[PDB]
Amino acid sequence: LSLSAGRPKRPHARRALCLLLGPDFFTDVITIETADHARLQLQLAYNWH
Amino acid sequence: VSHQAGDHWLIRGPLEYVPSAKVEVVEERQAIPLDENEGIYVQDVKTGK
Amino acid sequence: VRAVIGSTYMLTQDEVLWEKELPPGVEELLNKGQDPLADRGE
Amino acid sequence: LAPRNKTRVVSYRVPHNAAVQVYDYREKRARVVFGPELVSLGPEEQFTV
Ligand SMILES: NC(=O)c1ccc[n+]([C@@H]2O[C@H](COP(=O)([O-])OP(=O)(O)OC[C@H]3O[C@@H](n4cnc5c(N)ncnc54)[C@H](O)[C@@H]3O)[C@@H](O)[C@H]2O)c1
């Protein structure tokens with residue numbers, strides 16, 4: 001399995017042999033814009049299983 | 001036990017062996033000590049399996 | 001010319017090994033690419 | 001430090017209010033050991049780091 005990793009979650013950055021299916025979380029840095037056109041970046045964490 | 005002019009066979013076990021006039025020794029073999037959940041890949045060259 | 005697959009084989013009389021040539025670039029995909037899921041991204 | 005004896009049974013002393021997870025990869029059986037007990041690995045078990 002070739003997965004994604006890194007601070008901006010670049011693709012093909014972590015080759016793996018076994019798939020982990022337990023409660024985990026990954027974090028990404030999301031850059032978004034508001035209705036007032038103010039540019040602001042986020043840092044989220046996604047609890048997954 | 002009967003053998004043809006090209007038949008190979010293996011002599012094993014606790015015993016004393018003296019080569020015969022019509023028998024040529026090809027190779028000495030040693031058993032491979034394998035724990036449970038361990039193994040080797042053996043190819044039966046007669047059939048290839 | 002045919003393909004014999006399975007048990008061990010002895011080429012009988014009036015038989016010889018035949019070469020199968022491949023189109024250019026097919027050999028590269030066969031040897032370089034062992035896993036397309038890993039071949040695309042590197 | 002001093003190298004360990006690989007032929008000796010690997011053992012660990014779980015502290016008070018602590019637990020370890022070990023899986024016997026040969027016999028296919030997991031267990032969680034609690035309390036101040038002493039945990040000794042089998043020939044095929046491992047520690048959940
Ligand atoms: N409950 C929890 O909070 C919990 C549980 C497990 C792990 N974690 C840790 O949280 C950290 C989050 O760090 P990050 O996301 O910034 O680092 P990252 O972006 O490098 O992590 C990539 C993500 O891919 C997942 N992953 C890695 N190897 C995997 C595999 N073989 N199969 C399936 N999924 C795999 C990981 O869970 C991780 O969240 C992880 O490094 C992980 O060790 C937290």
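- For this deposited structure, the header cites cryo-EM as the method used and 3.07 Å as the resolution.

Thoughts on the site of the ligand
Residue and element names in this part refer to chain A.
Here is step 1 of the chain: By nearness alone, 13 residues border the ligand, and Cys 18, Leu 20, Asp 24, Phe 25 and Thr 27 come closest of all.
Here is step 2 of the chain: At 2.8 Å, a backbone N or O of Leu 20 approaches a nitrogen atom of the ligand.
Here is step 3 of the chain: Between the ligand and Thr 27 there is a distance of 2.8 Å, counted from an oxygen atom to a side-chain nitrogen or oxygen.
Here is step 4 of the chain: A total of 820 Å² of accessible area belongs to the ligand in isolation, and the protein chains cover 63% of it.
Here is step 5 of the chain: Put simply, the ligand lies in the second largest pocket.
Here is step 6 of the chain: If one sorts the elements of the shell around the ligand by residue count, strand β3 (residues 24-33) sits on top with four residues.

Some remarks on the pairing of strand β2 (residues 10-15) of chain A
Here is step 1 of the chain: The buried fraction of β2(A) amounts to zero of the six residues, a small share that puts the element mostly on the outside.
Here is step 2 of the chain: In textbook terms, the turn of a hairpin is the stretch between consecutive antiparallel strands, and for strand β1 (residues 2-5) of chain A and β2(A) this stretch comprises four residues, one of which, A:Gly6, has a positive phi near 105 degrees.

Digging into the side chain of D:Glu45
Residue and element names in this part refer to chain D.
Here is step 1 of the chain: Examined against the element boundaries, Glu 45 turns out to sit in strand β5 (residues 45-47).
Here is step 2 of the chain: One polar contact links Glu 45 to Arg 31, side chain to side chain, over a distance of 2.8 Å.
Here is step 3 of the chain: The contact partners of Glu 45, leaving out residues within four places of it in the chain, are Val 22, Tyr 23, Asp 24, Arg 31 and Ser 40.

Considerations on the environment of B:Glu27
Here is step 1 of the chain: Taking relative accessible area as the criterion, B:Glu27 reaches 49% and is therefore assigned partly exposed.
Here is step 2 of the chain: Separated by 2.7 Å, the side chains of B:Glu27 and B:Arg29 make a polar contact.

Side note on the packing of aromatic side chains
Here is step 1 of the chain: By the definition in use, this model includes four aromatic pairs over all chains.
Here is step 2 of the chain: Ring centres of A:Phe26 and A:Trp48 lie 5.8 Å apart, and the angle between their planes is 25 degrees; on these two criteria the pair is classed as stacked. Note that A:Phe26 is positioned in strand β3 and A:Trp48 in strand β4 (residues 39-48), a separation of 22 residues in sequence.
Here is step 3 of the chain: On the basis of relative accessible area, A:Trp48 is assigned to the partly exposed category, the value being 27%.
Here is step 4 of the chain: When the ring of D:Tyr23 is compared with that of D:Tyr25, the centres are 5.0 Å apart and the planes differ by 80 degrees; the resulting orientation is edge-to-face.
Here is step 5 of the chain: Classification of D:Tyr25 as partly exposed rests on a relative accessible area of 46%.
Here is step 6 of the chain: Three or more aromatic residues link up through ring pairs in this structure, and these residues are A:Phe26, A:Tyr46 and A:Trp48.

Reading the values: rules and limits
Residues numbered from 1 in each chain as written, not as in the entry; some residues may be left out. Chains lettered and ligands numbered in written order. Part of a larger assembly, values for the part shown. Heavy atoms only, no water. Near = heavy atom within 4 Å. Polar contact = N/O pair within 3.5 Å; in protein donor to acceptor, adjacent residues only side chain to side chain. Areas by Shrake-Rupley, 256 points an atom, 1.4 Å probe, with all protein chains shown as cover. 1 Å grid on protein atoms, 1.4 Å probe; cavity = no way out; pocket = protein on both sides within 12 Å on 5 of 7 lines; lining within 4 Å. Sits in = over half its atoms within 2 Å of the grid points. Helix = DSSP H or I, 4+ residues; strand = E, 2+ residues; numbered from the N terminus. Buried < 20%, exposed > 50% of the residue type's maximum accessible area, 1.4 Å probe, protein only. Pairing = 2+ DSSP bridges. Contact = heavy atoms within 4.5 Å. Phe/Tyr/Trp six-rings, centres within 6.5 Å; stacked < 30°, edge-to-face > 60°.

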